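Q: Residue numbers (the deposited numbering), protein chains in the order written: chain B, 187 to 315; chain D, 7 to 379, 393 to 472; chain E, 1 to 244, 257 to 445; chain C, 2 to 24; chain A, 474 to 500. Backbone N, C-alpha and C define an ideal beta-carbon position, used for all residues, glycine too. What follows is a structure written as structure tokens; I'll ask about it next.
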Amino acid sequence: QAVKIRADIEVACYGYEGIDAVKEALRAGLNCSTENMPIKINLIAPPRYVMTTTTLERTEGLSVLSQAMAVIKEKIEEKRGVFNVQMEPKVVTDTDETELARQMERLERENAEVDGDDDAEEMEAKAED
Amino acid sequence: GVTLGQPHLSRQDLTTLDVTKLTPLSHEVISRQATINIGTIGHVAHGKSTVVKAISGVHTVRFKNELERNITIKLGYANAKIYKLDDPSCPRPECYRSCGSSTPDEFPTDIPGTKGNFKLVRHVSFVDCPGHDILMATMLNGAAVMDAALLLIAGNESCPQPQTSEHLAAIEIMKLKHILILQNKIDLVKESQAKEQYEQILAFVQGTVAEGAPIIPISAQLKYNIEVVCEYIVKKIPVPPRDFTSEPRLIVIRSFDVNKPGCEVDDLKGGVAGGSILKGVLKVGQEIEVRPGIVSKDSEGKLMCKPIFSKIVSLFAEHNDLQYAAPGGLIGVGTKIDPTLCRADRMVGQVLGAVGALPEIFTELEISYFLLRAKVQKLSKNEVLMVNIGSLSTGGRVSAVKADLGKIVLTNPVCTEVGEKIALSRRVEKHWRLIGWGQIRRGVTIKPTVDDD
Amino acid sequence: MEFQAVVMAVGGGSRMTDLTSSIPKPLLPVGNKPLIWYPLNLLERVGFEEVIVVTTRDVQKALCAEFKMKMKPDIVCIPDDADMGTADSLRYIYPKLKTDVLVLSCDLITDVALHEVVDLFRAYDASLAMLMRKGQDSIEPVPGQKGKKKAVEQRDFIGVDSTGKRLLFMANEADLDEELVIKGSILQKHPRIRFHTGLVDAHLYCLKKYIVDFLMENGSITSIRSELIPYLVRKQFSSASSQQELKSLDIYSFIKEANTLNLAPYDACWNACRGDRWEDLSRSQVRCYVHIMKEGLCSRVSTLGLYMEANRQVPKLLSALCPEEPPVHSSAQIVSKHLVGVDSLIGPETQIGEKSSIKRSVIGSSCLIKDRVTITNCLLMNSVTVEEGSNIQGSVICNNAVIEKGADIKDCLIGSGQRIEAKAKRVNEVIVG
Amino acid sequence: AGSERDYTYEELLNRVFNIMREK
Amino acid sequence: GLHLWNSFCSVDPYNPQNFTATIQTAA
Numbered sequence: 187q188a189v190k191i192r193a194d195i196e197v198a199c200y201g202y203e204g205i206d207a208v209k210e211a212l213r214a215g216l217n218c219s220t221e222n223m224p225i226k227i228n229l230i231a232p233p234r235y236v237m238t239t240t241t242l243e244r245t246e247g248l249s250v251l252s253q254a255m256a257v258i259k260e261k262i263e264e265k266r267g268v269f270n271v272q273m274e275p276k277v278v279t280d281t282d283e284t285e286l287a288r289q290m291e292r293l294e295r296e297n298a299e300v301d302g303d304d305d306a307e308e309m310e311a312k313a314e315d
Numbered sequence: 007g008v009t010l011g012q013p014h015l016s017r018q019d020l021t022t023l024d025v026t027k028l029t030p031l032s033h034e035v036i037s038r039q040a041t042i043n044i045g046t047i048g049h050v051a052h053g054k055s056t057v058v059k060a061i062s063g064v065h066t067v068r069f070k071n072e073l074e075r076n077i078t079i080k081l082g083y084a085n086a087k088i089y090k091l092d093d094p095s096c097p098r099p100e101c102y103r104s105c106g107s108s109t110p111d112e113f114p115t116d117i118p119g120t121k122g123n124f125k126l127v128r129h130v131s132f133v134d135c136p137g138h139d140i141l142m143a144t145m146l147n148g149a150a151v152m153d154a155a156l157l158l159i160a161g162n163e164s165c166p167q168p169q170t171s172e173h174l175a176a177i178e179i180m181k182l183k184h185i186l187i188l189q190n191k192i193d194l195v196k197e198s199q200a201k202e203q204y205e206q207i208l209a210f211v212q213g214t215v216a217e218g219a220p221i222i223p224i225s226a227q228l229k230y231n232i233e234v235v236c237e238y239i240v241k242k243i244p245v246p247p248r249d250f251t252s253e254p255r256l257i258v259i260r261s262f263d264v265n266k267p268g269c270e271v272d273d274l275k276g277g278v279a280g281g282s283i284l285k286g287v288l289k290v291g292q293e294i295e296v297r298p299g300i301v302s303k304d305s306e307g308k309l310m311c312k313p314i315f316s317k318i319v320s321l322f323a324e325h326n327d328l329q330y331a332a333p334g335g336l337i338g339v340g341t342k343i344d345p346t347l348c349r350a351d352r353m354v355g356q357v358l359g360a361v362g363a364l365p366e367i368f369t370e371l372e373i374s375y376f377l378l379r393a394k395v396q397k398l399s400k401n402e403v404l405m406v407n408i409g410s411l412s413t414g415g416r417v418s419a420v421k422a423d424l425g426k427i428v429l430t431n432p433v434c435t436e437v438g439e440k441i442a443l444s445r446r447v448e449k450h451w452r453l454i455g456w457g458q459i460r461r462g463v464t465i466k467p468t469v470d471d472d
Numbered sequence: 001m002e003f004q005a006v007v008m009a010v011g012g013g014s015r016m017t018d019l020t021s022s023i024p025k026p027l028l029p030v031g032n033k034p035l036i037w038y039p040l041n042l043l044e045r046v047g048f049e050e051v052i053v054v055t056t057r058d059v060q061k062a063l064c065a066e067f068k069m070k071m072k073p074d075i076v077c078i079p080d081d082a083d084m085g086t087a088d089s090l091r092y093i094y095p096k097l098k099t100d101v102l103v104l105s106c107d108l109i110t111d112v113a114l115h116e117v118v119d120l121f122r123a124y125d126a127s128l129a130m131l132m133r134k135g136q137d138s139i140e141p142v143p144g145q146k147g148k149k150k151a152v153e154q155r156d157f158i159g160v161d162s163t164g165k166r167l168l169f170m171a172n173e174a175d176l177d178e179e180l181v182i183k184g185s186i187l188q189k190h191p192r193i194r195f196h197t198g199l200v201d202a203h204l205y206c207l208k209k210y211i212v213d214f215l216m217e218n219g220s221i222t223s224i225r226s227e228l229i230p231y232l233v234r235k236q237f238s239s240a241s242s243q244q257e258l259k260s261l262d263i264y265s266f267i268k269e270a271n272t273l274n275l276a277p278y279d280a281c282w283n284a285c286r287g288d289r290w291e292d293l294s295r296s297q298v299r300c301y302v303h304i305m306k307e308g309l310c311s312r313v314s315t316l317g318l319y320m321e322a323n324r325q326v327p328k329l330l331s332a333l334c335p336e337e338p339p340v341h342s343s344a345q346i347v348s349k350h351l352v353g354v355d356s357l358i359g360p361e362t363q364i365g366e367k368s369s370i371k372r373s374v375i376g377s378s379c380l381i382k383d384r385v386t387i388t389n390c391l392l393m394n395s396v397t398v399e400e401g402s403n404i405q406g407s408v409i410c411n412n413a414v415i416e417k418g419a420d421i422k423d424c425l426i427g428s429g430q431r432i433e434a435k436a437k438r439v440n441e442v443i444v445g
Numbered sequence: 002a003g004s005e006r007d008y009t010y011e012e013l014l015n016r017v018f019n020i021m022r023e024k
Numbered sequence: 474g475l476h477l478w479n480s481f482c483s484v485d486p487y488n489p490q491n492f493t494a495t496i497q498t499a500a
């Protein structure tokens, strides 16, 4: 008897450390992982990240992930970073997984670079009124 | 520096790191990167994409939903390495082999009946644009760096259209003479029409710096009977002198991110920005900044400026892996900035240079404008219009006019050195057709918001 | 909270192919205001401030920041491909909707009051509510069809029973040949009913979230107004005694409701809402009804004859809707007013002169007029250059129409950039372009 | 085509025109 | 706030040429 838990986090940095800052910060979180509940550090689109965890007890999982992004928040704050919590720990169903996979694939398709070899442009009308 | 890319070309040494080369003709540049950029013009009825692909291949890319800006200029470019065939008795174009950049610097001849090993001439990049007025507007203000130009003069049309007259007007403004006019559609055009078009070409090239330019016909619509260009791309090889060592400055023309969803923490990469380096030599591991930075209208209304900086980690050109880049061509850099700012060409029109190379950042300026067309109205006092600078379009607010002079404020921050060029276009009909251009005379600096914690 | 309106403008809405035009249908500006912003006006008037509008990115680039309504429009770019069904379009936007829906078309020009439909919906808490009209007998001058053309359409049958409220049967004769058939058991409960033929639908439907929830799982359903409503009206009695999931996902499965007080209490139900027995109105399996009006103007533009009728028959509603917008426009360089029809509209950037009597019609922007010109009960449209010796008697015009001299025409229908010589006639509108 | 240092325009025109049409 | 809004496009707060967000928060 298991269960899936999901959370949503926003992290960014605009100092001099750069991405090497956040890359250093995020790998702190899975460094704080417990022995039996594993946490996956996944990205769907920057500056957003998704936390997913399989567990058997709700309270311990939610508490450990909570202290997880708490230490991430303090660490990124030490680097003049940003930290936002959007979607709280919550029990997850199969339909949630299917819809997140669908939107994941959709956004991946949108982000892809499309060919622009076309020699014709619509440029005789570019007004904004 | 150090640059191999593929075993076809040898590897440079990151040991000496000396600017003493100072030559467009170096062994590991004419084969490595296209330092000589050439433009192609001709407007309509020719389809220059086909003739450009005939030597290089498919070019230009887009994003559909560019997002954020949606105003970045759709300028396309490609690379090609010209390497003439070596033959003791070559009935030209039998001394031609030029193709893409895959072939090594000195390729072993495999032509029937002869052998040997033929060298190259000079790596060349080609630049084009699928729009008529935008291309001249963009290279008017020093955004498209080039040393020569080509014309397709379509043969499947009537006597040279006013598009040609616009093109000669622009090049006359540019004070450049290394322009090769290339007749088109010789396959469909018969002998009499070819003679008529030739006579029209001679009768219309007079009075311009392009007079006397080599004219040669190419059947580009069928992409067949391409021998003449196959020989005169080697024969017509004017010297593009170039100066290299100075200070590193760059203009970003586009930006994007290579990361994909589902990527783990250990495989996260920074955003990438590709543009054209104007002058100076860029180094891997060097220090680079962007002067305008993040703009943020505070409670006062002043921007935030903040010329953010991060060390450059990776540089490349096309598909190869190059370090210690040199001016010429178009180059991308994988800086260490967070991709959340570098995604989907978020900010275009920036600058890139070493520490301490921050120019003036004026927002109120004065210009010297020139009219071009015949009769035209003078500059309008207290008017709203659009201004184009570097690779950047915005809506300015002209304040005062001293007859043939103008003082104007900008609604957005702008990083520029005094004395550069500027383009002005008026909102008319359902678009903004270009009206004119000028050179900036002097500029009152914006509030010095360059600050750090 | 109460509702979440949706405007459907995915290419054709219902069927664009019935007519041919060079402009996307929502972009079409009949009456000098683009057609899609007529329903938006009533949506604002009733008191809505949120519109989830689904449309192609082409139209989103096309309307070019014309008008700024006080709503909260949330435009979503539908995939271009070829075409998607209405049910598929509703499927694609599922995560956003939370409350009940008020699906609406993008071609409804109407003067009705939305009071009755929502009144019935709140009163009898059913799962559907439609606004429908007695079929308007359309008699008018022919739309340039040479006066000789007829078509055959299905004679749909709609069985409202007694009081003009409850709808029990709906079908069409396209699949039928000679005579209809019924289940029969219904007559033992409602011995007297009646039938209506040749009516007018609206695509103005009020639904409930159970309907879309059931729709999402089922994949065979592709159109909302074509099969879904007939299925609902059939299941109203079909196997009703059998039932009243895991087998075609029965529609009856997704109906769970009760009366519990939590942040939204209720009064004692003994004598609150028509309380006479122990329990009268708390359980409902499926109920379908309509509100049938009898007069006014509630049309939708889906053909060319409807195009002419709506163009010519809504000059007076605009004055009532916006009393501070005169039919004339000061932006136009009007030369004379004494020879101008009062019951006519004119837009900005227009030039007129002697004998420029635009009579009971409409005119767009950039129009240029000279002597001996009338637009009598017609529609001239954008960038039109006309000189002396011109006349029309009612047709459609579009961009870059040109008339040089002495061209007196009757019912001149013309396309983009079609040059016309002197002394030409177009008694048949045909196409030309 | 006979020489290598520079070439006559119309000579190359005639050569290419003959090559493309007949052979 | 008035009859002036006309969204017509995304208003994403992360635009570096028009930054309307938490920009650079700290302790």
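I need the straight-line Cα distance from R297(D) to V258(D), nearest angstrom please.
A: As a position in the second sequence, residue 297(D) is number 291, starting the count at 1. As a position in the second sequence, residue 258(D) is number 252, starting the count at 1. Cα-Cα distance, rounded: 12 Å.
Q: If you check the beta carbons only, do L156(D) and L188(D) fall under 7 Å apart?
A: Position 150 of the second sequence, counted from the start, is the residue given in the question as residue 156(D). Position 182 of the second sequence, counted from the start, is the residue given in the question as residue 188(D). In contact: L156(D) and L188(D) (Cβ atoms closer than 7 Å).
Q: How would you list, in chain order, the residues of chain D whose beta-carbon sits under 7 Å from the beta-carbon of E5(C)?
A: Residue numbering aside, residue 5(C) sits at position 4 when the fourth sequence is read from its first letter. Result: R98.
Q: Going by the CB atoms, is the gap between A226(D) and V406(D) shorter than 7 Å?
A: Taking the first residue of the second sequence as position 1, residue 406(D) is located at position 387. Taking the first residue of the second sequence as position 1, residue 226(D) is located at position 220. No, the pair does not count as a contact, with Cβ atoms beyond the cut-off.
Q: For a contact meaning CB atoms closer than 7 Å, what does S302(D) contact in chain A?
A: Numbered from 1 along the second sequence, position 296 holds the residue referred to as residue 302(D). Those are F492, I496, listed as they occur along chain A.
Q: Are the beta-carbon atoms belonging to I263(E) and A87(E) less than 7 Å from one another?
A: Here the question's residue 263(E) lines up with position 251 in the third sequence. Here the question's residue 87(E) lines up with position 87 in the third sequence. No. Outside cutoff.
Q: Going by the beta-carbon positions, is the gap between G445(E) and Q430(E) smaller than 7 Å?
A: By 1-based counting over the third sequence, the position of residue 445(E) is 433. By 1-based counting over the third sequence, the position of residue 430(E) is 418. A contact, by the Cβ cut-off of 7 Å.
Q: Under 7 Å, Cβ to Cβ, is there at least one residue of chain E near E314(B)?
A: As a position in the first sequence, residue 314(B) is number 128, starting the count at 1. With 7 Å as the cut-off, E314(B) counts as an interface residue toward chain E.
Q: If contact is defined by three or more beta carbon pairs under 8 Å, each pair taking one atom from either stretch, is the stretch 426-439 of chain D in contact with the stretch 453-460 of chain D?
A: Enough Cβ pairs lie closer than 8 Å, so yes.
Q: Mapping the DSSP letters down to three states, classify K328(E) as helix, strand or coil.
A: Position 316 of the third sequence, counted from the start, is the residue given in the question as residue 328(E). Helix, per DSSP.
Q: Apart from the five residues just before and just after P432(D), which ones in its own chain have a Cβ nearer than 8 Å to its Cβ?
A: Counting from one through the second sequence, the residue named residue 432(D) turns up at place 413. So the list reads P298, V301, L309, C311, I367, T369, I465, once near-sequence residues are dropped.
Q: For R438(E) versus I421(E), is the C-beta spacing smaller than 7 Å?
A: The residue given as residue 438(E) occupies position 426 in the third sequence. The residue given as residue 421(E) occupies position 409 in the third sequence. Taking 7 Å as the Cβ cut-off, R438(E) and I421(E) qualify as a contacting pair.
Q: Comparing C-alpha positions only, which one of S55(D), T46(D), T22(D), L15(D) sits nearest to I36(D)?
A: On the second sequence, position 30 is the one that residue 36(D) refers to. Ranking the options by Cα distance to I36(D), first place goes to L15(D).
Q: Can you round the beta-carbon distance between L391(E) and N323(E) to whole angstroms, since I take them to be within the 8 Å contact cut?
A: Taking the first residue of the third sequence as 1, we reach residue 391(E) at position 379. Taking the first residue of the third sequence as 1, we reach residue 323(E) at position 311. Indeed they touch by this definition, with Cβ atoms about 5 Å apart.
Q: I believe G7(D) touches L20(D) by the beta-carbon criterion, under 8 Å. Please report the beta-carbon distance rounded to the nearest angstrom.
A: As a position in the second sequence, residue 7(D) is number 1, starting the count at 1. As a position in the second sequence, residue 20(D) is number 14, starting the count at 1. Indeed, because the Cβ distance is near 5 Å, the residues count as touching under 8 Å.
Q: Within 8 Å, do at least three Cβ pairs link the stretch 357-377 of chain E to the stretch 332-344 of chain E?
A: Taking 8 Å as the limit for Cβ pairs, the verdict is that the stretch 357-377 of chain E does touch the stretch 332-344 of chain E.
Q: DSSP three-state label for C206(E), please.
A: On the third sequence, position 206 is the one that residue 206(E) refers to. In the structure shown, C206(E) sits in coil (DSSP, three-state: anything other than H, G, I, E or B).
Q: Could you tell me which chain D residues have their CB closer than 9 Å to the CB of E299(B), listed as they occur along the chain?
A: As a first step, residue 299(B) is located in the first sequence; it is residue number 113 there, counting from the start. Those within 9 Å of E299(B) in chain D are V67, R68, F69, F262.
Q: Taking the straight line between their C-alpha atoms, what separation do you get for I432(E) and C424(E)?
A: Here residue 432(E) corresponds to residue number 420 of the third sequence, with the count starting at 1. Here residue 424(E) corresponds to residue number 412 of the third sequence, with the count starting at 1. About 11 Å.
Q: For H325(D), count the other beta carbons within 10 Å of its own beta carbon; 16 or more makes it buried, fewer makes it exposed. Which is it?
A: Mapped onto the second sequence, residue 325(D) falls at position 319. Label assigned to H325(D): exposed.
Q: So what's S282(D) in DSSP terms, helix, strand or just coil?
A: Taking the first residue of the second sequence as 1, we reach residue 282(D) at position 276. Strand, per DSSP.
Q: Give the residues of chain E in contact with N488(A), contact being defined as C-beta atoms less than 9 Å apart.
A: Against the fifth sequence, residue 488(A) aligns to sequence position 15. Residues of chain E passing the Cβ test: none, with the nearest at roughly 18 Å.
Q: Can you give the Cα-Cα distance for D116(D) and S95(D), rounded to whole angstroms?
A: Within the second sequence, numbered from 1, the residue matching residue 116(D) stands at position 110. Within the second sequence, numbered from 1, the residue matching residue 95(D) stands at position 89. Those two C-alpha atoms are separated by around 15 Å.
Q: With 7 Å as the threshold, decide whether the Cβ of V268(B) is near any Cβ in chain A.
A: The count along the first sequence starts at 1 and reaches residue 268(B) at position 82. So, interface residue.
Q: Ends of the alpha helix (DSSP H) at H65(D)?
A: Working through the second sequence from its first residue, we reach residue 65(D) at position 59. Taken as a continuous stretch (DSSP letters only), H65(D) belongs to no alpha helix (DSSP H), as it is neither H nor E.
Q: Go through the stretch 85-142 of chain E residue by residue and report every complete run of the beta strand (DSSP E) that reaches 3 residues or more, in order.
A: With a minimum length of 3 residues, the continuous beta strand (DSSP E) runs that stay inside the stretch 85-142 of chain E are 101-104, 108-110, 130-134.
Q: Answer yes or no: do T346(D) and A193(B) have a C-beta to C-beta separation smaller than 7 Å?
A: Position 340 of the second sequence holds residue 346(D). Position 7 of the first sequence holds residue 193(B). No, Cβ-Cβ distance for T346(D) and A193(B) is not below 7 Å.
Q: Find the nearest neighbour of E23(C) within the set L186(D), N231(D), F113(D), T341(D), judged by alpha-carbon distance.
A: The sequence position of residue 23(C) within the fourth sequence is 22, counting from 1. That would be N231(D), whose Cα lies nearest to the Cα of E23(C).
Q: Among the candidates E293(D), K394(D), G414(D), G45(D), whose CA atom is the shortest distance from the CA of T144(D)?
A: Position 138 of the second sequence, counted from the start, is the residue given in the question as residue 144(D). Of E293(D), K394(D), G414(D), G45(D), the residue nearest in Cα terms is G45(D).
Q: DSSP beta-bridge partners for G455(D)?
A: Here residue 455(D) refers to the residue found at position 436 of the second sequence. Paired residue(s): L377(D), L443(D).
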